[PDB]
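Colleague: Note that the protein sequences, when read in sequence, are chains A, E, D, F, C and B.
So in the entry's author numbering, spot 168 of the first sequence is number 181, and the numbers just go up one at a time.
So in the entry's author numbering, spot 57 of the second sequence is number 69, and the numbers just go up one at a time.
So in the entry's author numbering, spot 57 of the third sequence is number 70, and the numbers just go up one at a time.
So in the entry's author numbering, spot 113 of the fourth sequence is number 126, and the numbers just go up one at a time.
So in the entry's author numbering, spot 55 of the fifth sequence is number 68, and the numbers just go up one at a time.
So in the entry's author numbering, spot 190 of the sixth sequence is number 202, and the numbers just go up one at a time.
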Amino acid sequence: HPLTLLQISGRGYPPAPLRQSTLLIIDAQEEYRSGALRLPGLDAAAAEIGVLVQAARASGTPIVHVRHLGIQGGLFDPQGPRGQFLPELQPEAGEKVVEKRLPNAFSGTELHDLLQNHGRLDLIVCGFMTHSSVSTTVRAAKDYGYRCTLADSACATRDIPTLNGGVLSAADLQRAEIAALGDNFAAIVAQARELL
Amino acid sequence: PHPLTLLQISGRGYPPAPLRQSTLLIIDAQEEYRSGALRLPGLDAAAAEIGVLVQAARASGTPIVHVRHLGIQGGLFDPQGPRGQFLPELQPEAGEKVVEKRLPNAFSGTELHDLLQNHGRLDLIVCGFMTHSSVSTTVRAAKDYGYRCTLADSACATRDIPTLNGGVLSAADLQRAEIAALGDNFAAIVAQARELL
Amino acid sequence: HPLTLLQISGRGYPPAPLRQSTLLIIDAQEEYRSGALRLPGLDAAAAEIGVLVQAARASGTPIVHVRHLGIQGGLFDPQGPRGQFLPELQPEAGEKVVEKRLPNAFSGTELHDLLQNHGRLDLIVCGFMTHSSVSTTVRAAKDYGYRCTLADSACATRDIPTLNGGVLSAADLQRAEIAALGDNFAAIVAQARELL
Amino acid sequence: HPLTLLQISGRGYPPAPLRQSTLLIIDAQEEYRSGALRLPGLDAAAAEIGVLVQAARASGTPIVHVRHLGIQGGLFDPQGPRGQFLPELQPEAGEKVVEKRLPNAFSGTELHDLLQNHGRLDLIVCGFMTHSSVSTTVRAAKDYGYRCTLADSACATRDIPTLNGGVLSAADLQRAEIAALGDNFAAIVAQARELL
Amino acid sequence: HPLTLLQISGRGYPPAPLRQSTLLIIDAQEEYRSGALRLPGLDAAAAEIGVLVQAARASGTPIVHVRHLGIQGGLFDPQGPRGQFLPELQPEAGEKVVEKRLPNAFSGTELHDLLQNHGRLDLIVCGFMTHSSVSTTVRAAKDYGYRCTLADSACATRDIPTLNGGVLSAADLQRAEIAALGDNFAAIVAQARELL
Amino acid sequence: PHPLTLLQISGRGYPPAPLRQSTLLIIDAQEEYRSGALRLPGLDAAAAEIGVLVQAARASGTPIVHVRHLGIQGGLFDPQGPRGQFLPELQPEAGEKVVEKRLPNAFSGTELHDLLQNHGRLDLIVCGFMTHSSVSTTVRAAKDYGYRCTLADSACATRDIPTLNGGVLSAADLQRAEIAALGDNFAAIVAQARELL
Ligand SMILES: N[C@@H](CCCC[NH3+])C(=O)O
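1) Starting from C/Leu-209, trace the alpha helix (DSSP H) in both directions and tell me its first and last residue.
2) Count the CB pairs spanning the segment 142–150 of chain A and the segment 158–175 of chain E that are closer than 8 Å, and state whether there are at least three.
3) For ligand 1, I want to know if D/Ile-137 counts as a neighbour, meaning its beta carbon is within less than 7 Å of at least one of the ligand's heavy atoms.
4) Where does the unbroken alpha helix (DSSP H) through E/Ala-58 begin, and where does it stop?
5) Taking the C-alpha atoms as reference points, what is the distance between A/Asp-196 and A/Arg-206?
6) Residues of chain C with CB closer than 7 Å to the CB of E/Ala-106, please, in chain order.
7) In whole angstroms, what is the alpha-carbon distance linking E/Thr-150 and E/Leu-176?
8) For the pair the segment 182–191 of chain F and the segment 159–169 of chain C, tell me if three or more CB-CB distances fall below 8 Å.
9) If contacts are defined as beta-carbon pairs under 8 Å, then E/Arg-80 and E/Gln-129 qualify, I think. What distance do you get, rounded to the angstrom?
10) Can you find a C-beta in chain E that's less than 8 Å from the C-beta of D/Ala-57?
11) 8 Å is my cut-off, CB to CB: does D/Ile-173 come that close to chain F?
12) What residues match up with F/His-144 in a beta bridge as DSSP calls it?
13) Less than 7 Å between C-beta atoms, sequence neighbours within five positions excluded: which residues of the same chain meet that for A/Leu-209?
14) Any C-beta of chain F sitting closer than 8 Å to the C-beta of D/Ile-21?
15) Per the DSSP calculation, D/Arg-160 is bridged to which residue(s)?
16) Looking at chain C, which residues of the segment 149–167 of chain B have a Cβ within less than 8 Å of any of its Cβ atoms?
17) Going along chain C, which residues have a C-beta under 9 Å from B/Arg-70?
18) Who are the near neighbours of F/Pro-91 in its chain, counting only those whose CB is closer than 6 Å to its CB and skipping five residues on each side?
19) Consult DSSP for C/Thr-170 and reduce its assignment to one of helix, strand or coil.
20) Starting from the C-beta of F/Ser-72, find all residues in its chain whose C-beta is less than 7 Å away, skip the five residues before and the five after it, and write them out in chain order.
21) According to a CB-to-CB cut-off of less than 9 Å, which residues of the segment 27–48 of chain D neighbour chain E?
22) Tell me the rounded alpha-carbon separation between E/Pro-53 and A/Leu-134.
23) Using CA atoms only, rank isn't needed, just tell me which of B/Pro-75, B/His-14, B/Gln-20 is closest to B/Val-138.
24) Please classify C/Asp-126: is it buried, with 16 or more other beta-carbons within 10 angstroms of its beta-carbon, or exposed?
25) Below 8 Å on the Cβ atoms is my contact criterion, and I expect B/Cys-161 with B/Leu-124 to pass it. Report the Cβ-Cβ distance as a whole number of Å.
26) If you draw a straight line from the C-alpha of B/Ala-203 to the C-alpha of B/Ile-191, how long is it?
27) Which residue wins for smallest C-alpha separation from E/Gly-48, given the options A/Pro-27, A/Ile-21, A/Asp-56, A/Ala-58?
28) Cβ of F/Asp-185 within 7 Å of any heavy atom in ligand 1?
29) Closer than 8 Å by beta-carbon distance: list the chain B residues that pair up with C/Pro-116, in chain order.
30) Quick one: list the residues of chain D neighbouring F/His-144, beta-carbon separation under 7 Å, in chain order.
31) Should D/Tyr-159 go down as buried or exposed, given a rule of 16 or more other Cβ atoms within 10 Å for buried?
32) Under 8 Å between the Cβ atoms of F/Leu-99 and F/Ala-59?
33) Taking the DSSP output, what are the residues bridged to F/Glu-112?
34) Once the 5 residues before and after A/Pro-116 are set aside, which same chain residues still bring their CB inside 6 Å of it?
35) Please confirm if A/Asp-135 has its CB atom under 8 Å from at least one CB of chain E.
36) Counting only Cβ pairs nearer than 7 Å, list the residues of chain D close to E/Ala-60.
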């Protein structure tokens with residue numbers, strides 16, 4: 014059984030419990046339910062993020078919400094229904110919203126400053142899509158020295174094209190991108206309840 | 013049954029760049045991957061494809077930037093040991109700049125942003141190892157600076173990695189997924205190096 | 014579309030599967046990577062030989078490694094790095110090494126005795142350089158009544174001079190030398206995986 | 014400007030004049046005129062062999078003829094016209110004939126004995142076909158320590174197939190095979206008259 | 014008193030303070046304490062480099078270290094004691110090290126790229142030996158359009174031979190080589206403290 | 013009592029090269045040093061010794077490369093005035109190439125590396141002006157390309173230069189120190205031109 018690079022280098026870390034982490038929810042937006050990027054596993058993932066949000070709000074764990082700012086008439090249009098939060102994952106009680114324009118939630122934003130104000134090294138990162146904004150933000154978090162913990166069940170993606178007319182299933186892309194992050198960028202658990 | 017890429021959906025897609033109009037970025041073509049602890053199964057096949065790009069770039073005056081990972085003493089990418097050295101067939105020649113890095117992101121704590129800026133080419137052709145770590149991370153980071161990235165699938169390689177429930181993901185399946193991911197929102201992808209000539 | 018002499022003589026044979034063959038690897042030495050004969054197609058050909066070696070070791074196929082014995086200060090110097098096996102193609106599991114001093118791997122060597130003891134009439138021949146040690150050794154094998162199989166992609170050569178200060182490209186030399194072997198000395202396939 | 018291996022090794026040698034050599038004529042047979050292998054350059058090449066044969070007979074240079082013995086109803090059939098020498102390159106009384114069954118004119122024959130008896134280290138090798146019997150016999154001569162000289166114009170060959178329904182022209186085959194022999198097995202000249 | 018070429022050409026420049034400069038430390042290595050090149054003035058010069066290093070670290074001035082790679086087991090032993098930094102002048106934090114094999118620390122190195130990345134035209138150059146690696150590196154820096162400042166006290170050299178079995182003292186060589194640099198390649202001060 | 017050179021200590025020293033085996037490289041033998049603003053006290057003595065090397069080289073078919081400094085209008089080495097011209101006794105003759113340079117390093121922004129490679133001799137004999145600036149810089153640069161340099165002390169000259177605290181370093185003291193420095197790690201040194209004939 015192959016070891017992770019984290020294990021080989023001695024720089025690995027256990028999955029962080031929610032109660033000692035900052036919860037970072039990435040792009041829980043209506044585009045993934047009724048827009049151009051309807052994710053087949055959205056409801057299952059949103060249910061798992063809700064389990065984390067409920068436990069975090071009950072314990073006073075910090076929650077940061079990332080929203081993608083699309084363009085007029087495009088994906089995640091902020092003037093349109095597709096740009097809004099999924100109703101079940103709206104911010105409450107002044108939980109901060111970070112508006113981003115690139116897959117990297119740190120890039121051109123106040124995210125770094127906000128996570129520093131909370132003072133927790135451990136980030137629990139969840140949301141969409143696993144292979145783009147989530148993976149990119151997790152990879153960028155390593156450069157600042159954060160530990161990232163992900164639950165596989167709390168992120169989701171879609172089918173994407175491969176070379177020569179092929180298709181890569183959402184489930185195969187998810188498995189690969191979660192394994193890649195587990196290799197050198199994060200601690201991975203299967204389910205949200207493992208972090209409670 | 014045929015999904016679009018985000019680049020296609022956003023209208024921001026771009027053609028694969030010809031090597032002649034690009035800066036060639038080679039990531040971590042080091043001896044660790046041949047005679048170290050991370051012996052990649054597809055190293056030779058991929059190094060051959062990088063060699064095709066290197067040979068063509070040297071003949072055309074195309075800029076080549078070599079990235080070298082600085083690891084820890086006596087171990088992975090040992091800076092004072094054979095495992096840290098470039099593969100002999102992909103050694104830099106005079107004039108070709110080397111960037112030494114410590115993290116997967118070749119931009120992070122390095123002069124890479126500066127060098128690519130001074131070359132003045134928005135198109136990067138990125139190749140090297142490993143596909144899912146330093147390559148993917150560096151390509152994703154290039155998007156934040158406004159670079160266009162082109163990759164040949166055959167010019168990158170990786171290794172088997174563990175999954176949940178004591179599974180293994182094969183190098184081939186990790187490569188397929190990680191290239192497709194970059195094709196969705198971070199790069200133009202071609203099958204083989206000769207398509208960039 | 015001209016016929017081969019093997020086809021005209023009715024003496025043609027199918028490409029041998031690796032599982033029924035002795036795998037013969039010619040001069041996979043550092044001369045060709047870091048010495049005076051750096052072959053541009055070395056890595057592509059070493060990758061294809063590696064496919065054959067992995068499959069041979071998985072099935073108990075015998076592997077014979079030929080190593081050119083050069084002179085001090087010269088090509089394939091046995092006391093210098095240039096004489097040693099490429100690491101990814103080195104002998105494992107006590108696979109035998111045959112040292113040779115001429116292009117013909119049989120000349121002044123134990124090669125005939127070793128092949129005879131394996132008791133397999135089918136040889137799969139790969140390595141370097143296509144037009145010199147590989148071609149010569151394949152042609153010599155016909156005198157002993159071996160059948161030879163080659164993959165085009167598992168051999169490589171270099172640019173060589175012609176009359177009037179011309180240069181023959183490695184690709185043109187390879188194409189011609191593989192076609193000449195296919196005419197009267199071997200079964201030819203494009204790629205290593207076709208012998209799996 | 015690439016060097017030959019003979020030059021890199023310091024083992025090179027100049028073309029031998031005919032007067033210091035043994036002339037070895039390979040398979041100058043009727044098969045190539047009226048049989049199944051009608052070489053497009055037969056007459057031009059047989060003319061150049063003729064130049065060397067005439068010069069040799071006038072100066073008492075030894076000439077050894079090689080004749081391929083095929084099987085009844087096959088290529089080089091000895092039981093009909095296609096096995097016989099071209100009339101213009103027939104042996105004249107005193108000149109010995111080596112009859113062979115393989116491409117290597119040494120294999121199972123008196124050739125080594127005849128060449129040792131003439132006591133000339135230099136062989137001039139000419140005839141048919143360049144890539145098969147000529148190339149194989151020249152390569153085999155190296156193992157005995159002979160120096161070989163060929164004139165490109167006194168050898169000929171035919172179109173042969175390549176992979177995927179391709180064809181290599183006789184001229185391309187001839188060019189590559191003479192260059193391959195020039196790299197490590199022979200000194201090459203363009204024309205017979207250069208050896209006079 | 015005679016003018017420098019920098020004054021005559023009006024291309025002169027004042028000594029740069031440490032706060033506006035990149036600090037470049039050349040070959041502060043164990044060779045000069047316990048190897049074949051024991052500089053009589055090493056401790057006094059290393060003390061003055063230490064003043065600059067301490068001040069640069071306290072004020073966020075960038076520091077680049079150059080290390081010379083010599084002979085396995087011998088001069089500037091690359092992975093042995095003699096090749097290591099003097100313990101008091103070891104790199105800290107993310108201070109970059111340039112390894113060189115020539116007196117010119119720019120030649121085939123990343124130095125130009127690292128200095129350009131720091132964005133400061135003014136270099137303070139110190140270390141060993143004044144007349145060889147220091148002088149060569151300062152001269153080379155003129156071709157890239159850098160301005161160099163040297164403190165005489167923060168460089169050292171050794172006695173060297175002249176013609177006729179003569180000896181040039183470290184003190185005379187230092188005076189001459191620092192003045193040569195002042196003439197066309199640098200701004201000179203007596204002591205490290207004048208740059209604080 | 014007698015210290016060793018760094019070249020002796022490293023085992024990579026070489027003897028002085030005879031003129032007959034060398035390319036002769038003559039640096040900035042120009043009228044500025046005779047009738048301009050930089051009148052060298054030792055110019056005539058040095059020019060006599062360079063003349064000996066030029067005469068022997070011309071006699072024996074030894075290649076000669078002339079380096080000339082290109083100054084600015086109205087400045088030192090003005091190419092538009094007499095001060096930028098060659099000293100009459102050291103003018104180039106038919107087929108001897110001239111390299112025009114803007115910096116002390118004669119290789120920098122010039123075709124000097126190309127010309128020297130075209131003559132195919134590893135041994136340069138370097139002479140001319142000034143010892144401590146263009147000569148010293150050019151000899152130091154030569155090491156980076158793998159050349160061996162030979163100098164005659166008598167075939168170079170410099171001038172008095174200021175030191176710290178209003179002091180003066182004499183032309184002779186500067187010469188002795190800069191020739192010794194080149195002998196330490198950059199060159200084989202002889203006393204006079206006739207030792208190379
Ligand atoms: N006789 C071989 C020819 C291979 C040519 C490769 N250059 C075949 O039929 O496959």
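Positions of the beta carbon are idealized from the N, C-alpha and C atoms, including for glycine.
Modeller: Taking the definition as stated:
1) It is not in any alpha helix (DSSP H) - C/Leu-209 carries neither H nor E in the DSSP assignment.
2) no
3) no
4) 55–72
5) 22 Å
6) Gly-121
7) 26 Å
8) no
9) Not really, about 20 Å apart at Cβ, beyond 8 Å.
10) yes
11) yes
12) Paired residue(s): none; F/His-144 is not in a bridge.
13) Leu-31, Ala-68
14) yes
15) D/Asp-135
16) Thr-149, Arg-152, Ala-153, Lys-155, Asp-156, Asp-165
17) The premise fails here: B/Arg-70 is roughly 28 Å from chain C at the closest Cβ pair, so nothing lies under 9 Å.
18) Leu-82
19) coil
20) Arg-32
21) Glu-43, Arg-46, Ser-47
22) 36 Å
23) B/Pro-75
24) buried
25) Rounded, the Cβ-Cβ distance is 13 Å, inconsistent with contact.
26) 10 Å
27) A/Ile-21
28) no
29) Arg-152, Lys-155, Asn-197, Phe-198
30) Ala-193, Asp-196
31) buried
32) yes
33) F/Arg-80
34) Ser-145, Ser-146, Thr-149
35) no
36) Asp-56, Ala-57, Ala-60
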